[PDB]
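Just one chain is shown here, as structure tokens, and it is the form deposited in one PDB entry.
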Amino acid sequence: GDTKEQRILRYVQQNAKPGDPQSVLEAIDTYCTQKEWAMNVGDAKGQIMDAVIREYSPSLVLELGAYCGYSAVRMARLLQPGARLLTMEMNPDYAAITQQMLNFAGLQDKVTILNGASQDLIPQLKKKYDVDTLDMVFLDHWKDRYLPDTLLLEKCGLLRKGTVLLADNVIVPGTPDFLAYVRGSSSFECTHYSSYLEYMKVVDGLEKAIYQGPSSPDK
């Protein structure tokens, strides 16, 4: 039958207002709430996301996991003219829906969808995509890759002192190894934010982890 993703885009195109990103977010959330797709209702995690973008005003953001473009629209609507969101999405069908979503919101010029797995694309950012360091990273992809991809970003020289990581779903279904690493490491200053999931009626959360630069090369 019809995929979730084709129906989400349909609903936006039929109900939201072109070039009004807020209306796009609200349409996605309305539809996904009515369908009882708990993990696809973004308004609770979005309050935390908006505050992070407003405080730090990043010029270059990397998103891991686009899906249908909700979080890309959410962040990009608050970015400055000339600022950039790179979003990595390994499923080309989802990349396609995200592209259509951005076009409808009028935010396509601020976002570049990179089609592939984060583990493959991250090592290409410096040379292929001319990235220096990221100002912010939003982690919202495969749970078991949050810690590995953080370590990969570190190794590839893509984080600087001040880079803000914001990780979603760190409680449900959970990213406990990622949390233990950043909270335990002197290279990250961390803050936790609670975020509710309907239907399951559970308090999930997001973690903000601000990179402080690498640990000493010596003991």
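A residue's number is simply how far along the shown sequence it sits, counting from 1. So that the term is clear: the rigid core is the largest set of C-alpha atoms that superpose within 1.5 Å between two forms. Residues that one form lacks are left out of the comparison.
We do not show the form deposited in another entry, though everything after this point is about it.
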**Report entry** Residue among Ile48, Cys156, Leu60, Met39 with C-alpha shift of 2 Å or more between this form and the one not shown, core superposed
**Finding:** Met39
Query raised in the report: After a core superposition, would you say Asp20 shifts its C-alpha by at least 2 Å between this form and the one not shown?
Result: no
Requested in this report: Tell me, please, whether between this form and the one not shown the C-alpha of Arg10 is shifted by 2 Å or more, with the rigid core used for superposition.
Outcome: no
Query raised in the report: Rigid core aligned, which consecutive-residue runs (three or more long, every Cα at least 2 Å shifted) show up between this form and the one not shown?
Result: 38 to 41, 197 to 201
